[PDB]
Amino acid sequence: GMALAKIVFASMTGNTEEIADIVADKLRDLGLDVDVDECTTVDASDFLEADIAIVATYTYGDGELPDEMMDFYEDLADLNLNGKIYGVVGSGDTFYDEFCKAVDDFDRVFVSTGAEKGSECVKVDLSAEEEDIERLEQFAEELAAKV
């Protein structure tokens, strides 16, 4: 394939899963091999094997990580991912005044590992509309371009 992308997601009410899937589908159409897994089913260290690492996450309450993301975040923060390209996407809402703060938190943890951000993070309000789909597709196409 063009390269190997590993997308890890957390999703409570399905929006973030759907977003992960949109990104995965464009990457597959561009010729990459892609794995798409819920965060409870993989290890952060599996990222060592990939060329592109992506986290798709919702945000829980007052700007927290998903409960199920806490262990994955810890494991990821302890890795050295020099030479990997990353990106971060997610769904959120404004009810807790911390819209997609988990997306920002995962951007920072990736910076700390030495990986390089390949495209601007994509934050979606609740479910994806076609305008959000376009943004996600441009994100995937920019990562593909960088290889």
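Residue positions are given as counts along the sequence shown, with the first one as 1.
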Quick check: 114-122 versus 32-40, which has the larger average CA B-factor in the record? 32-40
If you average the Cα B factors in the entry, which is higher, 56-64 or 102-110? 56-64
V8, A140, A5, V147, ranked by C-alpha B-factor: the highest one: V147
Tell me, lowest, middle or highest third: where does the Cα B factor of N15 rank within its chain? middle
Cα B factor band for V88 (lowest, middle or highest third within the chain): lowest
When the modelled residues of the chain are sorted by Cα temperature factor, does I22 land in the lowest, middle or highest third? middle
Is the Cα B-factor recorded for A128 in the lowest, middle or highest third of its chain? highest
